[PDB]
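**Q** Just passing along the structure, written as structure tokens.
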Amino acid sequence: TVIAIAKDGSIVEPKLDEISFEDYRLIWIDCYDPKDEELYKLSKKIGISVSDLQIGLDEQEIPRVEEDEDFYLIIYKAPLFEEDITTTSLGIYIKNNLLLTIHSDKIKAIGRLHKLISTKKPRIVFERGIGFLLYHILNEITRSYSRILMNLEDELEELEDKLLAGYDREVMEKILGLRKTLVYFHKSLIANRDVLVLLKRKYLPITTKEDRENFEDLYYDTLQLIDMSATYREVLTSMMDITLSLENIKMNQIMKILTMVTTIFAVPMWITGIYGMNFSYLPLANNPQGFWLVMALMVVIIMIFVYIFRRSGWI
Amino acid sequence: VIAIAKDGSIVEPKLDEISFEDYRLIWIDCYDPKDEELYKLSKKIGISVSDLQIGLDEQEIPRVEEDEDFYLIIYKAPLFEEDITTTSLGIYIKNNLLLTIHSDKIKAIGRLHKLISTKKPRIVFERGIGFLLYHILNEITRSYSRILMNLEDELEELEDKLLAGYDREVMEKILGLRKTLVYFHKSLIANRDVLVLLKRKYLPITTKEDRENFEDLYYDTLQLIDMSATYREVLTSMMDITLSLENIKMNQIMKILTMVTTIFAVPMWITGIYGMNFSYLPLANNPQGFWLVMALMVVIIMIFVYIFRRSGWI
Amino acid sequence: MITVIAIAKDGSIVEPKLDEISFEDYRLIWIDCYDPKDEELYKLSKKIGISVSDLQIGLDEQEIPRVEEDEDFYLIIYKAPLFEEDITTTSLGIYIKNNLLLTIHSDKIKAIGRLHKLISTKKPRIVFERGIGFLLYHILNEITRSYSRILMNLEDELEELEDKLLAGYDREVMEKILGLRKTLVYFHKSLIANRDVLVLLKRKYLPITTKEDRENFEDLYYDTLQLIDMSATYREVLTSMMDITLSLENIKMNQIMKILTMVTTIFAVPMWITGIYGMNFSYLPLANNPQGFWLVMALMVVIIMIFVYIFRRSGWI
Amino acid sequence: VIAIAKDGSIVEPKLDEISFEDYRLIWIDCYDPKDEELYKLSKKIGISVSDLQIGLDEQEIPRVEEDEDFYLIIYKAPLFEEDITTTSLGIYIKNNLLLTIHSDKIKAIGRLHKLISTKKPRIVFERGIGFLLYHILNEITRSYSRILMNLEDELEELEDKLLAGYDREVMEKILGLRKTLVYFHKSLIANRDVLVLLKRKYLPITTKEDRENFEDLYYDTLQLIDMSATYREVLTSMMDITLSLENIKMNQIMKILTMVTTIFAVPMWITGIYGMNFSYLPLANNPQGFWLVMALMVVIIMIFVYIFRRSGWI
Amino acid sequence: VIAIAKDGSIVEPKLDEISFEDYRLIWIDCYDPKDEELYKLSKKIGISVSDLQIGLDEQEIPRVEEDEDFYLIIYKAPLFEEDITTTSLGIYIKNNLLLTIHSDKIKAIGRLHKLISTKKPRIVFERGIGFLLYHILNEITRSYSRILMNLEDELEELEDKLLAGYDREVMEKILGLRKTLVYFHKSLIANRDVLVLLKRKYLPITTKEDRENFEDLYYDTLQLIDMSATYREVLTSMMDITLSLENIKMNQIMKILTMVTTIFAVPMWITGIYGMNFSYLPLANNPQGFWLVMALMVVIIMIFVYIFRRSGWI
Ligand SMILES: CCCCCCCCCCCO[C@@H]1O[C@H](CO)[C@@H](O[C@H]2O[C@H](CO)[C@@H](O)[C@H](O)[C@H]2O)[C@H](O)[C@H]1O
Ligand SMILES: CCCCCCCCCCCO[C@@H]1O[C@H](CO)[C@@H](O[C@H]2O[C@H](CO)[C@@H](O)[C@H](O)[C@H]2O)[C@H](O)[C@H]1O
Ligand SMILES: CCCCCCCCCCCO[C@@H]1O[C@H](CO)[C@@H](O[C@H]2O[C@H](CO)[C@@H](O)[C@H](O)[C@H]2O)[C@H](O)[C@H]1O
Ligand SMILES: CCCCCCCCCCCO[C@@H]1O[C@H](CO)[C@@H](O[C@H]2O[C@H](CO)[C@@H](O)[C@H](O)[C@H]2O)[C@H](O)[C@H]1O
Ligand SMILES: CCCCCCCCCCCO[C@@H]1O[C@H](CO)[C@@H](O[C@H]2O[C@H](CO)[C@@H](O)[C@H](O)[C@H]2O)[C@H](O)[C@H]1O
Ligand SMILES: [Mg+2]
Ligand SMILES: [Mg+2]
Ligand SMILES: [Mg+2]
Ligand SMILES: [Mg+2]
Ligand SMILES: [Mg+2]
Ligand SMILES: [Mg+2]
Ligand SMILES: [Mg+2]
Ligand SMILES: [Mg+2]
Ligand SMILES: [Mg+2]
Ligand SMILES: [Mg+2]
Ligand SMILES: [Mg+2]
Ligand SMILES: [Mg+2]
Ligand SMILES: [Mg+2]
Ligand SMILES: [Mg+2]
Ligand SMILES: [Mg+2]
Ligand SMILES: [Mg+2]
Ligand SMILES: [Mg+2]
Ligand SMILES: [Mg+2]
Ligand SMILES: [Mg+2]
Ligand SMILES: [Mg+2]
Ligand SMILES: [Mg+2]
Ligand SMILES: [Mg+2]
Ligand SMILES: [Mg+2]
Ligand SMILES: [Mg+2]
Ligand SMILES: [Mg+2]
Ligand SMILES: [Mg+2]
Ligand SMILES: [Mg+2]
Ligand SMILES: [Mg+2]
Ligand SMILES: [Mg+2]
Ligand SMILES: [Mg+2]
Ligand SMILES: [Mg+2]
Ligand SMILES: [Mg+2]
């Protein structure tokens with residue numbers, strides 16, 4: 001009874017719908033945004049409470065591993081894209097030979113796994129058993145984080161040449177937005193890291209020594225993802241610090257103007273000030289040359305200061 | 001301010017202090033006791049009222065002591081109380097006896113109480129005193145965990161308030177979140193090394209399984225330290241970004257000043273020369289004059305305001 | 001320099017090059033394929049028996065470093081530095097199945113060039129007794145060397161930007177610094193992934209490596225580590241440089257503000273004076289005085305000299 | 001300025017020069033021993049004078065050294081001497097001889113002495129020269145631990161004068177704590193690595209219970225290092241907020257200057273035009289002309305004063 | 001200068017040339033040989049003149065070189081020479097020989113040649129050549145740790161010129177220190193990884209004990225890298241501070257401008273209204289008029305000086 005519920009198992013590589021846990025050497029059941037009909041049917045089939053199952057579907061829930069008698073619950077976060085809304089998701093229940101991924105959102109890695117089983121359905125063999133299937137699901141989810149990270153890098157790219165042109169509100173709002181997403185993703189990477197730490201550290205009925213080691217690889221990958229995310233955080237911050245350090249420079253050229261105007265008419269306005277004084281005997285007031293004389297001395301002053309300001313270089 | 005009890009030789013019975021025992025293992029909770037009751041405790045257990053007074057020192061540091069005839073474990077738990085959050089407790093263990101005495105209220109502990117009790121009855125316990133120790137510690141860990149989720153939510157909430165520019169309240173809120181966070185880190189660190197102990201050192205009070213459990217709890221505490229640290233980084237981030245987004249303002253201001261000042265500069269000089277006291281002022285007696293110069297100035301102005309509208313000021 | 005699509009390697013006595021057409025009579029072969037057209041790829045895939053798509057993975061230059069089982073071959077993606085007009089970059093990938101080690105890359109790999117040309121000196125001589133894992137080692141090491149060289153040169157250019165930095169903030173040079181920075185963040189991502197590949201190669205028991213091989217891949221790991229650390233330090237130094245120029249730009253606002261403030265204080269009072277003495281009342285004290293103008297003019301200069309003194313002394317001018 | 005001895009069979013006496021054989025272990029303590037005290041000492045114990053002279057060098061950096069016939073363990077201890085906190089001491093052990101020799105007063109050592117002098121308790125050492133080493137180091141490590149609380153207090157006092165605006169005192173206080181903590185870094189990280197040597201390698205001087213001890217002491221020292229670092233971080237952010245806050249006030253200042261300047265601009269122009277002469281100054285001769293123009297000016301000032309109140313700004 | 005031979009049989013006989021048998025291990029430190037002398041040595045010891053030119057390149061990088069009938073170790077050692085420091089020093093060890101050659105002064109190998117020749121050094125080696133490698137590398141490491149303190153004295157000096165704001169000499173100096181510190185860092189990293197080789201892999205030239213001694217060395221060298229980074233950031237902090245102080249003084253300036261601009265604004269508007277050409281100026285023809293207005297302006301002024309006095313700008 002599809003929801004979508006996709007099913008995989010055994011010797012050859014058959015798909016299938018609800019029935020017969022045996023023979024079936026291993027069975028991957030995937031359940032997507034199921035309506036309570038599906039939810040309850042699936043539950044009644046696999047011997048897991050509809051509420052237990054619902055833990056998987058609560059989508060803000062934190063990545064972790066848990067033992068419950070007769071099944072293991074792993075919660076891992078997976079990236080979604082949705083027009084600069086980029087955030088996380090899913091749960092996994094393994095009991096006996098059953099690995100169940102049940103997710104309220106779309107998991108692209110699950111999709112990809114499905115397409116990599118889509119090559120010659122009767123092909124692509126597995127001797128490795130459940131822990132390894134868990135490994136792949138997890139690995140793919142990781143790869144996604146990788147691709148997203150590349151996207152961020154492209155984003156950085158764009159903003160990069162808009163950098164040394166000083167402040168722009170649009171630019172910096174884009175920068176800060178990047179910072180935020182970056183931190184969401186970081187917190188999720190952390191959470192996931194630690195799931196992997198457990199899986200690779202503990203002995204568990206579900207995983208072999210080969211599995212366990214595989215998860216360790218997966219852990220070094222995941223740590224790289226962390227290291228980059230943190231790196232690009234520092235980068236962005238720096239970008240902001242540069243823009244602000246440019247603004248603070250225009251804060252310079254500007255006062256250079258203001259001081260140039262103020263300083264270039266100072267002596268002249270003193271002049272006018274004195275030659276507007278109500279004294280009798282303003283030397284040269286009754287001089288017929290006086291007005292033009294003064295006009296001259298002023299203009300010469302101004303010219304001087306404009307030279308002195310020319311070099312040393314200001315104007 | 002009351003003691004509590006659990007678990008005799010079949011299943012878990014309850015309560016009375018001063019009862020004949022023979023019990024499997026017995027949990028006794030104690031809260032801000034009064035010197036009388038405290039003494040009563042001292043007698044019933046066999047530890048000194050002096051050794052029991054340590055666990056009561058609220059700033060006392062997390063650690064493990066090995067002394068004869070009891071084990072001491074000091075551990076820091078979160079403390080909520082209305083916008084002001086902090087840290088507390090201590091534990092004593094001998095034989096079948098586990099003793100939690102705090103001078104503040106440990107919500108986790110209370111949770112474990114309600115959880116175990118769930119009247120009546122439930123939750124069979126086969127694993128021993130190391131395991132009770134565990135659950136006490138696991139619930140106390142999970143408290144920090146949920147409070148941290150709170151600080152995360154409360155942290156996002158200062159996001160779009162911040163965008164408004166420097167705000168003294170917004171600030172002090174941040175600064176406080178930081179205070180709480182540094183605090184949380186210190187304690188968290190300590191508790192971590194304690195766990196490093198119960199997972200490492202082989203003891204009489206812990207089994208292999210117990211040890212594994214303490215190890216899980218170790219990795220979890222580590223995770224809380226990681227989280228806490230991140231949050232502090234993000235706080236400092238907000239702080240710096242607003243604080244610094246002030247300087248742009250301090251810029252456009254100088255834009256205004258420099259524009260006013262430069263726009264009327266010439267018109268002022270003009271008006272200055274034409275205020276001069278010479279017998280001859282060109283145009284002075286010309287009845288169109290005042291309007292000719294008036295226009296000179298008006299056009300000078302317009303020209304400057306034009307130089308500024310474009311390229312680019314305003 | 002020059003570069004060919006396909007190349008080829010050693011067999012039961014020593015190493016010749018080859019026909020495109022040979023198979024089971026050679027000890028181990030190294031095929032190096034560069035930027036194949038789909039048709040050419042189809043020829044290759046046809047001969048070596050690795051699938052088209054499987055190979056095109058190798059051909060995607062954005063592909064991340066890793067090691068893949070995929071029974072009937074091992075795959076290793078490893079990051080190499082790119083020059084391609086002074087924008088330093090990263091790429092490549094590698095398949096080993098049977099005695100065949102295929103390096104295939106969409107980009108140009110300097111290291112593969114180096115190895116290729118070095119094999120010109122097999123006369124005087126050289127001898128390879130060590131089998132595939134060791135070849136792998138040699139390619140991976142050669143790439144590593146490439147990074148190291150890029151790094152040395154960079155350390156050399158830093159000290160050049162170092163003095164330009166002291167002439168005052170320059171948008172060009174800031175550009176260069178920012179660019180080296182970007183390059184080092186690229187190197188970080190890449191060197192990091194590369195390293196963790198090395199860690200697997202030296203750790204996991206693999207049919208294609210042997211305790212000796214792994215032994216090599218270890219010192220390779222450590223080497224990679226040292227690259228990482230050195231590069232981080234180059235970045236830290238770059239960031240230093242930027243931060244210091246800009247921080248030393250933002251001071252000038254001081255001499256500036258001091259100038260504007262100093263003109264403005266030096267004539268403030270004398271202006272007031274000339275202002276009150278321009279108010280036209282009936283009686284203006286000293287105004288009917290023949291010497292009055294010189295009196296006031298003098299008061300004003302003195303006020304000036306004073307403020308100039310309070311300025312010149314006590315810092316400023 | 002002194003030497004201090006210890007520990008016969010069954011219990012610990014205090015000994016004049018000299019007695020050796022029977023005693024299980026012996027702890028000599030030389031504080032700033034004078035040249036004659038060092039010759040007496042050196043010949044007395046059997047370790048070279050110039051070799052005792054290194055323990056007297058306070059600059060000497062922590063380590064574990066194996067010489068022929070004895071061991072040198074140099075350690076860092078917090079020293080005080082008037083609100084400038086710092087680091088010091090060395091150690092030599094051969095056979096049953098532990099020797100703590102120091103130029104600077106070492107509080108933790110003084111502490112061991114003044115504690116041992118009680119002797120009401122058992123109080124018996126079964127654990128040997130190794131355990132003695134542990135106890136001494138462990139005490140030093142405690143000293144650090146306590147000074148860290150000192151800092152928690154002082155910091156939580158500075159958090160208050162933080163937003164109060166840049167103060168030079170607040171400044172050099174912060175920068176003083178800073179220096180100190182950098183000190184605790186160098187030292188503490190070196191001390192840490194000694195505990196790592198002592199905890200790992202098999203030494204004739206240390207039993208296994210001994211080593212285990214030194215390990216827990218490793219971890220404790222890791223917390224000291226970590227916390228010290230965090231505190232540095234905090235002081236740093238404090239310098240950052242005050243400084244970056246004092247920065248922001250140039251905004252309110254340029255607001256004032258700009259506002260004033262802009263508020264009388266148009267008016268000073270008016271008075272400028274109306275002071276030009278210029279016969280036929282429009283309105284010059286209307287008796288109500290004056291109040292006319294002055295009305296105009298006042299209104300204008302009002303309209304800017306308003307414009308500011310309205311937008312931002314005031 | 002040039003060759004120094006060592007350890008003939010049992011005790012330490014600073015030696016003569018030729019011979020080279022009936023020993024355990026021989027150590028020869030060449031100093032800045034002139035081509036003829038490095039020639040003599042070269043043809044004596046049987047290391048190709050070029051193989052030695054190796055150890056003579058002060059700019060060459062450290063590494064652990066397996067040759068046949070030879071082992072090369074390059075290592076970076078500090079130098080003082082008037083506040084300008086650098087790197088150095090190849091080391092060539094074949095069979096039982098260990099050669100240490102350098103173009104610059106090695107105060108470490110000097111401390112070694114000086115510690116071995118005091119009477120009898122004396123001690124002993126049952127430990128083989130490896131342990132001498134260790135003592136050498138080690139000694140050098142101690143040398144570094146010792147310069148670290150010099151930088152410490154320079155920082156100590158700077159700290160009180162810090163709060164006075166910018167000084168060109170101070171600044172350029174901090175910077176200089178900083179970059180020196182960076183050169184140091186790069187070297188320390190080099191050496192380190194060399195030590196990771198000796199500590200890491202079995203070489204027939206090192207025992208397990210040796211290997212482990214090299215590990216201790218590694219850890220110490222890590223503390224050096226850690227000190228290096230720590231103090232670099234300290235320097236950066238120093239700069240950033242003094243700059244922030246500057247950016248604060250700017251405010252006292254701007255406040256001064258604003259206080260002057262505001263002291264006379266109203267009074268200049270007043271002088272502006274009374275300099276108008278209106279035929280009626282209220283109060284002009286009044287003979288107390290002048291001093292009326294004047295006292296008005298004056299009172300305005302004082303009013304503003306006070307209005308600045310508190311809240312105080314003045
Ligand atoms: C796992 C460690 C690292 C992974 C996570 C890194 C965080 C950044 C996300 C990656 C790339 O960035 C993501 O890409 C999409 C488009 O593909 C962007 O979409 C859009 O976002 C905003 C909103 O309109 C626009 O400013 C932007 O120009 C546009 O491209 C978006 O800004 C961002 O959400
Ligand atoms: C454009 C519409 C209406 C215009 C009105 C009529 C004409 C314009 C105003 C007249 C100005 O009159 C002006 O005064 C004096 C002459 O007395 C001249 O002065 C000039 O000659 C003397 C030499 O003796 C010089 O010292 C002086 O620097 C120079 O400017 C000037 O060239 C003239 O231009
Ligand atoms: C920016 C201000 C420029 C104002 C100065 C203009 C130049 C004046 C020259 C005109 C004719 O010559 C001028 O005659 C008078 C005589 O009373 C001189 O005055 C001189 O002597 C008398 C002595 O009682 C003084 O009051 C005065 O300070 C002095 O300058 C003046 O120095 C000289 O220069
Ligand atoms: C503030 C900056 C610019 C202003 C400066 C120039 C002043 C002139 C402009 C005033 C408007 O226009 C001009 O002024 C006055 C109006 O009061 C008119 O003159 C009138 O003034 C008043 C009326 O209020 C009457 O007493 C008087 O009999 C009448 O002639 C004049 O006919 C007109 O042409
Ligand atoms: C510094 C700012 C301005 C200074 C003001 C000082 C006040 C002086 C007090 C003495 C009274 O002075 C008197 O006041 C009034 C003001 O309404 C003036 O104006 C009054 O008379 C005129 C002329 O007939 C009328 O047009 C006008 O409606 C009336 O108000 C008057 O010309 C002046 O003679
Ligand atoms: Mg259940
Ligand atoms: Mg189970
Ligand atoms: Mg089961
Ligand atoms: Mg099961
Ligand atoms: Mg199961
Ligand atoms: Mg795949
Ligand atoms: Mg594996
Ligand atoms: Mg006038
Ligand atoms: Mg102005
Ligand atoms: Mg002005
Ligand atoms: Mg493939
Ligand atoms: Mg891999
Ligand atoms: Mg693998
Ligand atoms: Mg397979
Ligand atoms: Mg390098
Ligand atoms: Mg970049
Ligand atoms: Mg890349
Ligand atoms: Mg070998
Ligand atoms: Mg080797
Ligand atoms: Mg600055
Ligand atoms: Mg020994
Ligand atoms: Mg001994
Ligand atoms: Mg300092
Ligand atoms: Mg030779
Ligand atoms: Mg040789
Ligand atoms: Mg060589
Ligand atoms: Mg040879
Ligand atoms: Mg020895
Ligand atoms: Mg010092
Ligand atoms: Mg010096
Ligand atoms: Mg060590
Ligand atoms: Mg007049």
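Here, A, B, ... name the chains of the structure tokens in the order displayed, residue numbers run from 1 inside each chain, and ligands are numbered from 1 in the same displayed order.
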Any residue with an atom at most 8 Å from ligand 31 counts, using only C-alpha atoms and all ligand atoms. Which are they? Put them as a list in words.
**A**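 The residues within 8 Å of ligand 31, counting only C-alpha atoms and all ligand atoms, are residues 51, 54, 65, 67, 71 and 72 of chain E.
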**Q** As an MDAnalysis selection string, which residues of range 52-82 of chain D does DSSP assign to helix (DSSP H, G or I)?
**A** chainID D and resid 52:55
**Q** Enumerate as a PyMOL selection string the residues within 7 Å of ligand 20, counting only C-alpha atoms and all ligand atoms.
**A** chain C and resi 148+151-152+227+230
**Q** Step by step, measure atom-to-atom distances between ligand 33 and each residue using only C-alpha atoms and all ligand atoms, keep those at most 9 Å, then write them as an NGL selection string.
**A** (:D and (66-68)) or (:E and (123-127))
**Q** Let me see if you get this right: every residue at most 12 Å from ligand 11, counting only C-alpha atoms and all ligand atoms, written as a list in words.
**A** residues 109, 112, 113, 114, 115, 116, 117, 119, 124, 133, 135, 136, 137, 139, 140, 141 and 143 of chain A; 53, 54, 57, 66, 67, 68, 69, 70, 71 and 75 of chain C
**Q** Within 7 Å of residue 192 in chain A, counting only C-alpha atoms, which residues qualify if same-chain residues fewer than 4 places away don't, as a ChimeraX atom specification?
**A** /A:63,76-77,188,196
**Q** Create the file for the chosen residues now, containing N, CA and C atoms and written as a PDB file, in the first residue's frame.
**A**
ATOM      1  N   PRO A  63      19.167  14.296  16.398  1.00  0.00           N
ATOM      2  CA  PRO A  63      19.896  13.121  15.938  1.00  0.00           C
ATOM      3  C   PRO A  63      20.489  12.403  17.102  1.00  0.00           C
ATOM      4  N   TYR A  76      18.710  10.927  12.339  1.00  0.00           N
ATOM      5  CA  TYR A  76      19.799  11.610  11.617  1.00  0.00           C
ATOM      6  C   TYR A  76      19.208  12.818  10.849  1.00  0.00           C
ATOM      7  N   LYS A  77      19.890  13.968  10.767  1.00  0.00           N
ATOM      8  CA  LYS A  77      19.358  15.117   9.982  1.00  0.00           C
ATOM      9  C   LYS A  77      19.869  15.209   8.540  1.00  0.00           C
ATOM     10  N   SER A 188      23.588  20.935  12.924  1.00  0.00           N
ATOM     11  CA  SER A 188      23.115  19.637  12.478  1.00  0.00           C
ATOM     12  C   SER A 188      24.261  18.697  12.218  1.00  0.00           C
ATOM     13  N   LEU A 196      27.333   9.265  14.623  1.00  0.00           N
ATOM     14  CA  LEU A 196      28.336   8.415  14.013  1.00  0.00           C
ATOM     15  C   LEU A 196      29.383   7.955  15.010  1.00  0.00           C
TER      16      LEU A 196
END
**Q** Return as a ChimeraX atom specification the residues belonging to chain E that are within 12 Å of chain B, counting only C-alpha atoms.
**A** /E:247,251,254,258,272,275-277
**Q** So which bits of range 46-268 of chain A end up strand (DSSP E) when you DSSP the backbone, as a PDB file with N, CA and C atoms, in the first residue's frame?
**A**
ATOM      1  N   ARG A  64      20.295  11.087  17.140  1.00  0.00           N
ATOM      2  CA  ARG A  64      20.671  10.277  18.280  1.00  0.00           C
ATOM      3  C   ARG A  64      20.432   8.818  17.979  1.00  0.00           C
ATOM      4  N   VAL A  65      21.034   7.945  18.788  1.00  0.00           N
ATOM      5  CA  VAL A  65      20.772   6.507  18.707  1.00  0.00           C
ATOM      6  C   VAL A  65      20.104   6.012  19.998  1.00  0.00           C
ATOM      7  N   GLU A  66      19.138   5.108  19.858  1.00  0.00           N
ATOM      8  CA  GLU A  66      18.425   4.573  21.010  1.00  0.00           C
ATOM      9  C   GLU A  66      18.120   3.106  20.872  1.00  0.00           C
ATOM     10  N   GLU A  67      18.340   2.370  21.952  1.00  0.00           N
ATOM     11  CA  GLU A  67      17.955   0.974  22.003  1.00  0.00           C
ATOM     12  C   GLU A  67      16.556   0.863  22.601  1.00  0.00           C
ATOM     13  N   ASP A  68      15.683   0.121  21.940  1.00  0.00           N
ATOM     14  CA  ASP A  68      14.427  -0.275  22.541  1.00  0.00           C
ATOM     15  C   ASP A  68      14.400  -1.762  22.323  1.00  0.00           C
ATOM     16  N   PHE A  71      13.957  -3.286  18.665  1.00  0.00           N
ATOM     17  CA  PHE A  71      14.362  -2.441  17.543  1.00  0.00           C
ATOM     18  C   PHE A  71      15.310  -1.330  17.982  1.00  0.00           C
ATOM     19  N   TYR A  72      16.086  -0.806  17.034  1.00  0.00           N
ATOM     20  CA  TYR A  72      17.029   0.286  17.284  1.00  0.00           C
ATOM     21  C   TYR A  72      16.540   1.498  16.530  1.00  0.00           C
ATOM     22  N   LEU A  73      16.489   2.646  17.202  1.00  0.00           N
ATOM     23  CA  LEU A  73      16.028   3.881  16.573  1.00  0.00           C
ATOM     24  C   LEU A  73      17.174   4.847  16.416  1.00  0.00           C
ATOM     25  N   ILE A  74      17.475   5.204  15.174  1.00  0.00           N
ATOM     26  CA  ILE A  74      18.477   6.220  14.898  1.00  0.00           C
ATOM     27  C   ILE A  74      17.817   7.443  14.259  1.00  0.00           C
ATOM     28  N   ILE A  75      18.121   8.625  14.776  1.00  0.00           N
ATOM     29  CA  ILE A  75      17.596   9.859  14.220  1.00  0.00           C
ATOM     30  C   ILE A  75      18.785  10.589  13.628  1.00  0.00           C
ATOM     31  N   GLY A  91      14.112   9.830  10.568  1.00  0.00           N
ATOM     32  CA  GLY A  91      14.355   8.664  11.404  1.00  0.00           C
ATOM     33  C   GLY A  91      14.424   7.289  10.759  1.00  0.00           C
ATOM     34  N   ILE A  92      15.047   6.351  11.473  1.00  0.00           N
ATOM     35  CA  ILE A  92      15.361   5.006  10.982  1.00  0.00           C
ATOM     36  C   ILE A  92      15.223   3.981  12.089  1.00  0.00           C
ATOM     37  N   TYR A  93      14.507   2.897  11.806  1.00  0.00           N
ATOM     38  CA  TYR A  93      14.216   1.862  12.783  1.00  0.00           C
ATOM     39  C   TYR A  93      14.724   0.547  12.234  1.00  0.00           C
ATOM     40  N   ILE A  94      15.638  -0.097  12.937  1.00  0.00           N
ATOM     41  CA  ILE A  94      16.066  -1.403  12.482  1.00  0.00           C
ATOM     42  C   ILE A  94      15.822  -2.464  13.531  1.00  0.00           C
ATOM     43  N   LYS A  95      14.998  -3.438  13.172  1.00  0.00           N
ATOM     44  CA  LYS A  95      14.722  -4.586  14.024  1.00  0.00           C
ATOM     45  C   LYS A  95      14.780  -5.834  13.156  1.00  0.00           C
ATOM     46  N   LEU A  98      14.855  -5.794   9.272  1.00  0.00           N
ATOM     47  CA  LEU A  98      14.135  -4.632   8.777  1.00  0.00           C
ATOM     48  C   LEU A  98      14.822  -3.316   9.128  1.00  0.00           C
ATOM     49  N   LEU A  99      15.209  -2.596   8.081  1.00  0.00           N
ATOM     50  CA  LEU A  99      15.677  -1.220   8.162  1.00  0.00           C
ATOM     51  C   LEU A  99      14.529  -0.401   7.587  1.00  0.00           C
ATOM     52  N   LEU A 100      13.989   0.503   8.396  1.00  0.00           N
ATOM     53  CA  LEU A 100      12.865   1.343   8.008  1.00  0.00           C
ATOM     54  C   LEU A 100      13.292   2.793   8.078  1.00  0.00           C
ATOM     55  N   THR A 101      13.233   3.480   6.951  1.00  0.00           N
ATOM     56  CA  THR A 101      13.431   4.916   6.958  1.00  0.00           C
ATOM     57  C   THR A 101      12.057   5.523   6.784  1.00  0.00           C
ATOM     58  N   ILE A 102      11.670   6.393   7.704  1.00  0.00           N
ATOM     59  CA  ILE A 102      10.350   6.969   7.673  1.00  0.00           C
ATOM     60  C   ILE A 102      10.545   8.446   7.883  1.00  0.00           C
ATOM     61  N   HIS A 103      10.115   9.248   6.918  1.00  0.00           N
ATOM     62  CA  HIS A 103      10.447  10.671   6.921  1.00  0.00           C
ATOM     63  C   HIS A 103       9.276  11.525   6.467  1.00  0.00           C
TER      64      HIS A 103
END
**Q** Write out as a PyMOL selection string every residue belonging to chain C that has an atom at most 12 Å from any atom of chain D, counting only C-alpha atoms.
**A** chain C and resi 257+261+275+278-280
**Q** Please indicate the distance in Å from CA of residue 27 in chain D to CA of residue 93 in chain D, rounded to one decimal place.
**A**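 Between these atoms lies a distance of 9.1 Å.
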**Q** Each residue of chain A with at least one atom at most 12 Å from chain D should appear once, together with its nearest atom pair and the corresponding distance in Å (one decimal); atoms considered: only C-alpha atoms; ordering: chain, then increasing residue number; output as a Markdown table.
**A**
| residue | atom | partner | partner_atom | distance |
| --- | --- | --- | --- | --- |
| A:251 | CA | D:254 | CA | 12.0 |
| A:255 | CA | D:254 | CA | 11.6 |
| A:258 | CA | D:258 | CA | 11.8 |
| A:272 | CA | D:276 | CA | 11.5 |
| A:273 | CA | D:272 | CA | 11.3 |
| A:276 | CA | D:275 | CA | 9.3 |
| A:277 | CA | D:275 | CA | 11.7 |
**Q** Let me see if you get this right: every residue at most 7 Å from ligand 4, counting only C-alpha atoms and all ligand atoms, written as a PDB file with C-alpha atoms, in the first residue's frame.
**A**
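So the final result, stored in pocket_21.pdb, reads:
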ATOM      1  CA  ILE D 270      19.055  85.142   5.799  1.00  0.00           C
ATOM      2  CA  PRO D 282      13.925  94.651  -0.275  1.00  0.00           C
ATOM      3  CA  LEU D 283      11.963  95.187   2.932  1.00  0.00           C
ATOM      4  CA  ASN D 286       9.257  98.459   6.119  1.00  0.00           C
ATOM      5  CA  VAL D 293      12.295  88.447   8.511  1.00  0.00           C
TER       6      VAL D 293
END
